[PDB]
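Colleague: Please see the structure below; I have some questions.
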Amino acid sequence: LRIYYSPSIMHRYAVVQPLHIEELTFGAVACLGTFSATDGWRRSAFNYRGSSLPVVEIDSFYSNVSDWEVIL
Amino acid sequence: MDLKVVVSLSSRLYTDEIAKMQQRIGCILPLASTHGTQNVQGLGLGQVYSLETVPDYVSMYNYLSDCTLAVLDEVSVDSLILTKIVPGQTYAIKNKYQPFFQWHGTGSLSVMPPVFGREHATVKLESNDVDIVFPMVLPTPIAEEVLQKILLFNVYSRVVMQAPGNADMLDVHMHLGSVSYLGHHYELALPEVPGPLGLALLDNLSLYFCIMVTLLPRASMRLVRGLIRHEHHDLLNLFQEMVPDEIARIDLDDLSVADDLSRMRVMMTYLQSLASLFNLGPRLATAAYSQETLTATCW
Amino acid sequence: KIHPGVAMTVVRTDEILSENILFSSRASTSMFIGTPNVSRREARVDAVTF
């Protein structure tokens, strides 16, 4: 997560915004649950009112919500 | 439902090492792939831990969480029968490990690479030229302490590389290499050069350190100064009549309640993330244990 | 294209596809065959593995 958001951390931390005490928090992570490994990601079109969007579909999902953790 | 693991040897094991593997009966080890049939190369922690290579415990301790865990059941010359650990099943486990730290329900069992020794935890198989590195399992506070010892020695080694030698060296290796328990002392094997991924973990902790160091509450520092001046506890044993210089110059401002409230709130959000960072290991909760049989009922 | 002070040798390896013949005399191996087992495990929410 950190090495993913490193360019965005660079840009947002940049010069546009210096500091204030509430502004220090940056990101939040929560887990939605366990998915069967090696099944993969099933790509499908979503058609509404004559328009299409690419959508991934996840088979056999197991739901388990966790709390929020701060990342920075 | 019916978790069943049988691992086939290509050639029959020697008449000596069959006895040694029988001595290893009833022990957790991590395996590669969740299948009823496995080749011996995937089995055990052998392939990543090399005698030729400098040991990275952080790399091992990452690798073991990635593997699914298992328990040895039957040792034969032809094949090894193991049962596997599903997250939601309750298992009978017996403590047969050679260091023998006493187990209680107070801690969840944590599984670590063999930080103590190299040779004794491992069994070589020259019949099929591969090595089995059994993991070492320990209760929770000893595991936390040993991980702390490893990271602190990483930091002080990287510092002491261009520092004076004999004084700083012979002070550091006092009570960091050796963990002292009731009636006993044991020497941790620590890496000579820490280069991969331990320092990355320490960098990750220093990120949170640099963020938290701005948002500290002032009145607690005032309370520490007033306590170390007036009274004494074992919490206050580290500070004698001297006060460190930093705290007075951070102290000099007055107290405003809402600022300390906001600082406490942000630090409160952050410490849960640090609690997420410290674990890095599969934790198995202990609900029952019999000392006379050395037998726990894990979860 | 001036010759250097030394000469040189080259070593190569090659791989050849071969359709092979296997001969075996009669009754050379005794085989023991067991009852097969069928087990079930690790039921997904929409699947079961056997």
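Labeling convention for the structure tokens: chains A, B, ... as they appear, residues from 1 per chain, ligands from 1 in order of appearance.
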Write out as number ranges by chain each polymer residue whose atoms come within 10 Å of residue 181 of chain B, counting only C-alpha atoms; drop sequence neighbours fewer than 4 positions from it.
Modeller: B: 101, 142, 185-186
Colleague: Keeping only N, CA and C atoms, write those residues as a compact mmCIF listing (two decimals), in the first residue's frame.
Modeller:
```
# COMPACT_ATOMS: atom_id res chain seq x y z
N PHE B 101 10.00 -24.00 26.72
CA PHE B 101 9.43 -22.92 27.51
C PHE B 101 8.00 -23.30 27.88
N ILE B 142 7.51 -13.90 24.71
CA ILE B 142 8.86 -14.28 24.28
C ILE B 142 9.06 -14.01 22.80
N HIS B 185 19.64 -19.47 30.54
CA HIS B 185 20.07 -18.48 29.57
C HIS B 185 20.15 -19.15 28.21
N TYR B 186 19.77 -18.43 27.15
CA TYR B 186 19.83 -18.99 25.81
C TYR B 186 20.32 -17.94 24.82
```
Colleague: Kindly determine which residues of chain A lie within 8 Å of chain C, considering only C-alpha atoms, and give the answer as a list in words.
Modeller: residues 36, 60, 61 and 62 of chain A
Colleague: Please report as a tab-separated table every residue of chain C lying within 9 Å of chain B, along with the nearest atom pair and their distance in Å (one decimal), using only C-alpha atoms.
Modeller:
```
residue	atom	partner	partner_atom	distance
C:39	CA	B:2	CA	6.7
C:40	CA	B:2	CA	6.3
C:41	CA	B:1	CA	5.0
C:42	CA	B:1	CA	6.5
C:43	CA	B:1	CA	8.3
```
Colleague: Report, in Å to a single decimal, how far apart atom CA of residue 75 of chain B and atom CA of residue 37 of chain B are.
Modeller: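 Between atom CA of residue 37 of chain B and atom CA of residue 75 of chain B the gap is 15.4 Å.
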Colleague: Check the smallest atom-to-atom distance from each of B:39, B:178, B:62, B:108 to residue 299 of chain B using only C-alpha atoms, then report the winner.
Modeller: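 Looking at the shortest contact to residue 299 of chain B, the residue is B:108.
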Colleague: One number please: atom CA of residue 14 of chain B to atom CA of residue 35 of chain B, in Å, one decimal.
Modeller: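 For atom CA of residue 14 of chain B relative to atom CA of residue 35 of chain B, the distance reads 26.3 Å.
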Colleague: Only residues of chain A matter here; which ones have an atom within 8 Å of chain B, counting only C-alpha atoms? Give them as JSON, numbers by chain.
Modeller: {"A": [21, 22, 24, 25, 69, 70, 71, 72]}
Colleague: Would you kindly return, as a list in words, each protein, DNA or RNA residue with an atom no farther than 12 Å from any atom of residue 54 of chain A, considering only C-alpha atoms and excluding same-chain residues fewer than 2 positions away?
Modeller: residues 41, 42, 43, 44, 45, 46, 47, 48, 51, 52, 56 and 57 of chain A
Colleague: Between atom CA of residue 239 of chain B and atom CA of residue 220 of chain B, what is the distance, to one decimal in Å?
Modeller: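 Straight-line distance from atom CA of residue 239 of chain B to atom CA of residue 220 of chain B works out to 15.2 Å.
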Colleague: Could you give me, as an NGL selection string, each residue of chain A that DSSP assigns to helix (DSSP H, G or I) when run on this structure's backbone?
Modeller: :A and (2-13 or 21-24)
Colleague: Name the residues in contact with residue 113 of chain B at a cut-off of 12 Å, using only C-alpha atoms, excluding same-chain residues fewer than 6 positions from it; report them as JSON, numbers by chain.
Modeller: {"B": [28, 29, 30, 44, 45, 46, 48, 49, 55, 56, 57, 58, 59, 60, 61, 62, 63, 64, 65, 121, 122, 133, 134, 135, 136, 137, 138, 143, 146, 147, 188, 189, 281, 282]}
